[PDB]
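Here is the structure we will look at.
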Amino acid sequence: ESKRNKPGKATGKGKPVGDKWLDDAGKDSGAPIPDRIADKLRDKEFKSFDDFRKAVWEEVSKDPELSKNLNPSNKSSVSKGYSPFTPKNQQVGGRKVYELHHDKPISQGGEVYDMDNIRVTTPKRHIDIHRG
Amino acid sequence: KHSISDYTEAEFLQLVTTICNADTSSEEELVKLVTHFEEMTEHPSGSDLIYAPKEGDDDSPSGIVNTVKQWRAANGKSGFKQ
Ligand SMILES: [Zn+2]
Numbered sequence: 002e003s004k005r006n007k008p009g010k011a012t013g014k015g016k017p018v019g020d021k022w023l024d025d026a027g028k029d030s031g032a033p034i035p036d037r038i039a040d041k042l043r044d045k046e047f048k049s050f051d052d053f054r055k056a057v058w059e060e061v062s063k064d065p066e067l068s069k070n071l072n073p074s075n076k077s078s079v080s081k082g083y084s085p086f087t088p089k090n091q092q093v094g095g096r097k098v099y100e101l102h103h104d105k106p107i108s109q110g111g112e113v114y115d116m117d118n119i120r121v122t123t124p125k126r127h128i129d130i131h132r133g
Numbered sequence: 004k005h006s007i008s009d010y011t012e013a014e015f016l017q018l019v020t021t022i023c024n025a026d027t028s029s030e031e032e033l034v035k036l037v038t039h040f041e042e043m044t045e046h047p048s049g050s051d052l053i054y055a056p057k058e059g060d061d062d063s064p065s066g067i068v069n070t071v072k073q074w075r076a077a078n079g080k081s082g083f084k085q
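Chains B and A, in that order, are what the protein sequence lines are.
2 is the number of the first residue of the first sequence in PDB author numbering; add one for each residue after it.
4 is the number of the first residue of the second sequence in PDB author numbering; add one for each residue after it.
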């Protein structure tokens, strides 16, 4: 009874990112999935979007270019497949961690596991996107 | 565990160490501890003390405890249990 909970295989290219990768998450449509992560996850089967989410953060933990911009506590979090905490000023109530967003919504036929359709957002930005 | 005056310093360090190490069974449990920490400390930086330190701050568990202890002492707040 939720599309995002149906199994599928990951596809898509992503984009080159730099040190300001997660800074981009609070702006515009959010930050892209890094090309380097897309290389690792392409063609893997996922039983739910939540399982895909876990895999993204585990690959972040393993990637020295992506993990080096997280502090020790956030490193511990992504090692467990958790989403890392944003700065306080980008949090909204009990939503305190980076959120994965579908640029074309799944409800409007957007692809669930196409990484070219996925963005990384802060809670503050994700809420604003979904309200225009 | 309703206020920071309910914790000894050693007990608070235990809480902070658990958070820093993500020593939980779910992301939900971790978020709950972080929320608890922010409520206990009353510090304006909130979770930034743990996850977004300002340049040169000591973000080890003992460093965070020191930052909290000093801020509370200097800003008229009750301290740890003896
Ligand atoms: Zn979204």
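All C-beta atoms, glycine included, are put in the ideal place defined by N, C-alpha and C.
Beta bridge counterpart(s) of residue 1/B as assigned by DSSP
Nothing about residue 1/B can be reported from this structure: the residues present for chain B run from 2 to 133 only.
Proximity test, Cβ basis, 7 Å: residue 71/A and chain B:
Taking Cβ atoms only, chain B never reaches closer than 7 Å to residue 71/A, which makes this a no.
Hey, quick one: how far does the alpha helix (DSSP H) through residue 42/B stretch, first residue to last?
Note, residue 42/B: alpha helix (DSSP H), 36-42.
Could you check where the alpha helix (DSSP H) with residue 83/B kicks off and where it finishes?
Boundaries for residue 83/B: no alpha helix (DSSP H) harbours it, and the DSSP string shows neither H nor E there.
Ligand 1 and residue 5/A: does any heavy atom of the ligand fall closer than 6 Å to the residue's C-beta?
It does not: the Cβ of residue 5/A is nowhere closer than 6 Å to a heavy atom of ligand 1.
Contacts that residue 62/A makes with chain B (C-beta to C-beta distance below 8 Å):
Within 8 Å Cβ-Cβ: 72, 73 and 74.
Between which two residues does the alpha helix (DSSP H) harbouring residue 75/A extend?
Per DSSP, residue 75/A belongs to the alpha helix (DSSP H) from 64-77.
Quick one, which of 67/B, 114/B, 72/B and 100/B has its alpha-carbon nearest residue 13/B's?
Checking every option, the nearest Cα to that of residue 13/B belongs to 114/B.
Residue 122/B vs residue 103/B beta-carbon contact at 7 Å:
Cβ distance not < 7 Å, so residue 122/B and residue 103/B don't count as in contact.
Tell me which residue opens and which closes the alpha helix (DSSP H) that residue 13/A is part of.
First-last of the alpha helix (DSSP H) with residue 13/A: 12-23.
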